[PDB]
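Chains as they are written, first to last, in the deposited numbering: chain BI, 1 to 145; chain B1, 3 to 95; chain BC, 18 to 27, 34 to 110, 119 to 136, 139 to 223. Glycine included, C-beta positions come from ideal geometry on N, C-alpha and C. See below for the structure under consideration.
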Amino acid sequence: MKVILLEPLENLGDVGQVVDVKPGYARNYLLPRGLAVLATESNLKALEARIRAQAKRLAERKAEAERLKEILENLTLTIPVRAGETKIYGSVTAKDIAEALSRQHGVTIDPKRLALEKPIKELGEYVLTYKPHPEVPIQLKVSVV
Amino acid sequence: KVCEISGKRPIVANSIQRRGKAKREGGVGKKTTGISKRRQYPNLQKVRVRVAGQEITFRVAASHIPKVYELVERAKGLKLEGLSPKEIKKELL
Amino acid sequence: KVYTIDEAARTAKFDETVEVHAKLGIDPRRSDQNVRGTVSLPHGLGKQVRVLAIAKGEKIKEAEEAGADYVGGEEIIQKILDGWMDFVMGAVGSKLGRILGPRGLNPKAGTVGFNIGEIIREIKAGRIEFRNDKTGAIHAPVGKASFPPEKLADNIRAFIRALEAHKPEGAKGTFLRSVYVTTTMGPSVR
RNA sequence: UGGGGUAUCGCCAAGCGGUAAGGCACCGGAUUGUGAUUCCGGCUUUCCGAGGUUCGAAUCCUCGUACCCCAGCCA
RNA sequence: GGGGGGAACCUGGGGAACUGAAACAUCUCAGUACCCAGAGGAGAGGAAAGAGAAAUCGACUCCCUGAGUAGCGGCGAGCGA
RNA sequence: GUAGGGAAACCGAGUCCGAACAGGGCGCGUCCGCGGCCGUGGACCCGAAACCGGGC
RNA sequence: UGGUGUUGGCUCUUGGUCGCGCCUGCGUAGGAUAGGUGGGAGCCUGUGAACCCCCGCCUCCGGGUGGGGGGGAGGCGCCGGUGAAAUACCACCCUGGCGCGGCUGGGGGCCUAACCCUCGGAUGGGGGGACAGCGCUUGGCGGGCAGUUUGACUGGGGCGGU
RNA sequence: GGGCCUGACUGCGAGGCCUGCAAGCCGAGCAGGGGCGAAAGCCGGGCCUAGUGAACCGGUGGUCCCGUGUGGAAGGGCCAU
Ligand SMILES: [Mg+2]
Ligand SMILES: [Mg+2]
Ligand SMILES: [Mg+2]
Ligand SMILES: [Mg+2]
Ligand SMILES: [Mg+2]
Ligand SMILES: [Mg+2]
Ligand SMILES: [Mg+2]
Ligand SMILES: [Mg+2]
Ligand SMILES: [Mg+2]
Ligand SMILES: [Mg+2]
Ligand SMILES: [Mg+2]
Ligand SMILES: [Mg+2]
Ligand SMILES: [Mg+2]
Ligand SMILES: [Mg+2]
Ligand SMILES: [Mg+2]
Ligand SMILES: [Mg+2]
Ligand SMILES: [Mg+2]
Ligand SMILES: [Mg+2]
Ligand SMILES: [Mg+2]
Ligand SMILES: [Mg+2]
Ligand SMILES: [Mg+2]
Ligand SMILES: [Mg+2]
Ligand SMILES: [Mg+2]
Ligand SMILES: [Mg+2]
Ligand SMILES: [Mg+2]
Ligand SMILES: [Mg+2]
Ligand SMILES: [Mg+2]
Ligand SMILES: [Mg+2]
Ligand SMILES: [Mg+2]
Ligand SMILES: [Mg+2]
Ligand SMILES: [Mg+2]
Ligand SMILES: [Mg+2]
Ligand SMILES: [Mg+2]
Ligand SMILES: [Mg+2]
Ligand SMILES: [Mg+2]
Ligand SMILES: [Mg+2]
Ligand SMILES: [Mg+2]
Ligand SMILES: [Mg+2]
Ligand SMILES: [Mg+2]
Ligand SMILES: [Mg+2]
Numbered sequence: 001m002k003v004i005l006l007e008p009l010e011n012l013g014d015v016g017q018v019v020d021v022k023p024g025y026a027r028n029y030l031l032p033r034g035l036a037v038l039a040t041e042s043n044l045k046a047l048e049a050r051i052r053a054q055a056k057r058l059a060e061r062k063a064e065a066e067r068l069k070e071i072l073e074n075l076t077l078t079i080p081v082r083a084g085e086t087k088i089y090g091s092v093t094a095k096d097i098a099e100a101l102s103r104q105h106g107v108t109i110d111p112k113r114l115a116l117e118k119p120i121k122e123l124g125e126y127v128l129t130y131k132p133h134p135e136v137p138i139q140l141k142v143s144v145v
Numbered sequence: 003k004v005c006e007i008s009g010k011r012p013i014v015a016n017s018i019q020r021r022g023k024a025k026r027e028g029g030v031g032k033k034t035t036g037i038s039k040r041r042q043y044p045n046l047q048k049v050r051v052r053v054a055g056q057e058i059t060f061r062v063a064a065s066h067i068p069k070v071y072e073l074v075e076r077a078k079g080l081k082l083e084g085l086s087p088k089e090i091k092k093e094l095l
Numbered sequence: 018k019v020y021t022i023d024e025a026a027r034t035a036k037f038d039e040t041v042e043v044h045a046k047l048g049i050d051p052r053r054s055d056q057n058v059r060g061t062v063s064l065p066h067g068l069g070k071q072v073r074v075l076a077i078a079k080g081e082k083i084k085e086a087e088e089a090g091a092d093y094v095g096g097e098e099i100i101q102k103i104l105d106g107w108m109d110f119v120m121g122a123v124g125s126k127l128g129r130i131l132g133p134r135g136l139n140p141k142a143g144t145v146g147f148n149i150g151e152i153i154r155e156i157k158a159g160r161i162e163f164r165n166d167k168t169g170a171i172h173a174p175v176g177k178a179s180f181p182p183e184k185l186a187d188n189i190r191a192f193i194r195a196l197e198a199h200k201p202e203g204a205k206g207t208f209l210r211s212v213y214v215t216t217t218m219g220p221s222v223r
């Protein structure tokens, strides 16, 4: 008997997948124990829902990333730092960079998964990254004056 | 007794007592030693089923058993309640 | 596959190793089977045919060039048969069961020849190109096949050994065959 | 009515494609008060019998015969 | 809205035996008597997943004929489109 | 009812069995009324011992 | 009482079938353990071989196969000979065999969640547990009940005889 | 007692014995294909009267036959047993 699973199962399964088992198992173990559900016509075209109501939701995050990687994986910025030769006195914690972008160019930053590690503090140019899936390794110049 | 879904119930029937060799084989014909009435039952069974918040069971034949677990479905979009298992089952078509 | 893909004949000493091996209804009840004498083979593939014209020592003059090469007589009977190191065939017609030289003393001696007034004719053939292979209690079939050099013109046993389907006295299914020896063995219907 | 099983030395009976194995039966011989049980040796061979298979077949296929079982009907 | 009742008629759910066969078990009597239920002035059934051989017909119901035909049958008694 | 033989297909005063063109086997009303007898039905009239159903 | 339904998980466990893969077959002569039959005069080694050692299984105690290491360019058939059958190696297929495999089966353990028993009233906890129970189906034991049969003649009826 | 044979026939049957019915029985001859005899002829089992069983139900051979729309089947019928 065809039935749609939920919380996966050793022996057979994985949310969504559809394997079939003897009426018994079904009706007396899976269906009452909320394990899996009937594979009706009903909840059939319905699994289509979450199969695409997530497949096309995930494609959004993937599509707001790669769509800010061809418009922001190529920008390098220029930082208004102050010091003199070697070290500064103001590293540049993420946010800083962001206030030098969210407002210096116009880009809301998520000041953490940006690839910046221990605060900078020294003149020169750098590269970082971002995002969880296809990222966006964006450089950045630390200046003077 | 009589299934509650399909409505099956005991039918009556005779049991034939033949003897002899069918003429489809050896031949000579085939005789009948004894008849007599008796009844065939519907293989009904019990089917307890959660639903709403109660239990409610069923006098259904293994034949229309699926149909039971099939109602519990089409009623998920219903307002079945009140301490009425007796009424739950009722409106459960 | 497709038909008789001779191509499978694709590797050593001149390709004349391909066979026709099959299998069928084991010697049922009383009767059985036995291929025919000198199955022509619509190719011929000039093989070393030894039509030993057991004639009266005269059909060695036109039996040497009409469908063979060398020939003997009633001398391989009791002069070259006395010793087992000097001795096919075609028995004397009429009333002469030549069962005094070839019978038992385990080879060829089943079908004879035709041309009492000369060991040939005015269109000499049907005596030099093939042979047979009777019924081996267990594994029957096993027939002679052709050689590499021809396309839709090499499969000469697909028509020959094939239609030889003229022994079916009363048995079962005669399938399970293929072709080739000193090589491999493919799979093609019939 | 189908389909099995056999019948081989004298009694019952082992039983592979290359060969006839045993006990018992009787006979000779040793021992025996006497007497079973002993202990050796044999004793007996168209293996039902007619075809074909095979280089040959008791031992394997067809066929015919006798009897043994199973199962099965009986106007 | 029901429950209860109504001469006979109706339909559905169950359902004998004497008897017949010149005894008796298939068979017959009989789906009758009779138990129960439902309906109504009637009930039933009714618009083809049909009939059956006609290049056909064209709900159902009921009467006459079809015909004691076809067939059924310890092919008996006898049952019957 | 004017057609009958034949298991039948089938032919026809014929026909069936038959190798036969021997034989032989089978080959010409209805509708009412009245009466006798017969069939199915309780079938001249009373009479069992009993069997079955549902009730008391 | 078999089968099937209500009946579900898990592991072990053997069959029977077909696939395929590797072995398998020791009369007397023959280099010996030769399965039939067909092709066949040339193949196998760097697509790393003869003696050797380790190691598994078969045994007709001689003989057989696969895996690995050493090693390094040889082997084996036509031949011949013998025998009814000859030969490498390439097939197709018999007798029995195992090995993974499809499809089916037979049993054995253990589980809970059907079902059943039950527990100061329980959406539960305990116990049995895939068995029992009940439906359909199969064959049987069955005067406990049920329908009926148990002939005629006949110096009365039975008994005897016909 | 011996030699050749198989009439221990197929088609049929005028005419009668018997006789409640059904059965039982005898039969000359004609046609077909035969046997023995030279021929006339004879032969459709047995010197002779006992050696047996209606129908129903089936089975095996045959065969012209029927064949559920038509073709073919299944299943029937007829002859034989
Ligand atoms: Mg009957
Ligand atoms: Mg079902
Ligand atoms: Mg003394
Ligand atoms: Mg017996
Ligand atoms: Mg009312
Ligand atoms: Mg009322
Ligand atoms: Mg009724
Ligand atoms: Mg009665
Ligand atoms: Mg009576
Ligand atoms: Mg009636
Ligand atoms: Mg009736
Ligand atoms: Mg009216
Ligand atoms: Mg009305
Ligand atoms: Mg209506
Ligand atoms: Mg019809
Ligand atoms: Mg019209
Ligand atoms: Mg209409
Ligand atoms: Mg009768
Ligand atoms: Mg009736
Ligand atoms: Mg030796
Ligand atoms: Mg020798
Ligand atoms: Mg347990
Ligand atoms: Mg439990
Ligand atoms: Mg409980
Ligand atoms: Mg059970
Ligand atoms: Mg009694
Ligand atoms: Mg009665
Ligand atoms: Mg009575
Ligand atoms: Mg009397
Ligand atoms: Mg008496
Ligand atoms: Mg005489
Ligand atoms: Mg008379
Ligand atoms: Mg006469
Ligand atoms: Mg004469
Ligand atoms: Mg004469
Ligand atoms: Mg006489
Ligand atoms: Mg009849
Ligand atoms: Mg018949
Ligand atoms: Mg029809
Ligand atoms: Mg038809």
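Cβ neighbour criterion (16 or more within 10 Å) applied to residue i
i	result
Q54 (chain BI)	exposed
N11 (chain BI)	exposed
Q56 (chain BC)	buried
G176 (chain BC)	buried
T93 (chain BI)	exposed
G28 (chain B1)	exposed
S179 (chain BC)	buried
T21 (chain BC)	buried
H172 (chain BC)	exposed
Integer-rounded CB distance, given that residue j should sit under 8 Å from residue i
i	j	result
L75 (chain BC)	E162 (chain BC)	The pair is not a contact, with the Cβ atoms about 16 Å apart (cut-off 8 Å).
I88 (chain BI)	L123 (chain BI)	7 Å
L46 (chain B1)	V62 (chain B1)	6 Å
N165 (chain BC)	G60 (chain BC)	6 Å
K32 (chain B1)	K23 (chain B1)	7 Å
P132 (chain BI)	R103 (chain BI)	With a Cβ gap of about 25 Å, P132 (chain BI) and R103 (chain BI) do not count as contacting.
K141 (chain BI)	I71 (chain BI)	At roughly 19 Å, the Cβ-Cβ gap does not stay under 8 Å, so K141 (chain BI) and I71 (chain BI) are not in contact.
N188 (chain BC)	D23 (chain BC)	5 Å
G121 (chain BC)	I77 (chain BC)	7 Å
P111 (chain BI)	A98 (chain BI)	6 Å
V15 (chain BI)	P8 (chain BI)	6 Å
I7 (chain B1)	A54 (chain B1)	The pair is not a contact, with the Cβ atoms about 18 Å apart (cut-off 8 Å).
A36 (chain BI)	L5 (chain BI)	4 Å
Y213 (chain BC)	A25 (chain BC)	6 Å
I138 (chain BI)	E73 (chain BI)	6 Å
Strand pairing of residue i, partner residues [DSSP]
i	result
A15 (chain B1)	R40 (chain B1)
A63 (chain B1)	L46 (chain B1)
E125 (chain BI)	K141 (chain BI)
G22 (chain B1)	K32 (chain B1)
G84 (chain BI)	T86 (chain BI)
Cβ-based contacts, 7 Å cut-off: residues of the stretch 37 to 58 of chain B1 near chain BI: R52
Chain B1 contacts made by the stretch 24 to 37 of chain BI, where a contact means CB separation under 8 Å: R27, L31, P32
Residues from the stretch 70 to 83 of chain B1 in contact with chain BI, defined by Cβ distance under 7 Å: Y71, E75
Near-chain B1 residues of the stretch 86 to 102 of chain BI - C-beta to any C-beta below 7 Å: none
Chain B1 contacts from the stretch 105 to 137 of chain BI (Cβ-Cβ distance under 8 Å): none
Residues in the stretch 40 to 64 of chain BI having any Cβ partner in chain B1 nearer than 7 Å: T40, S42
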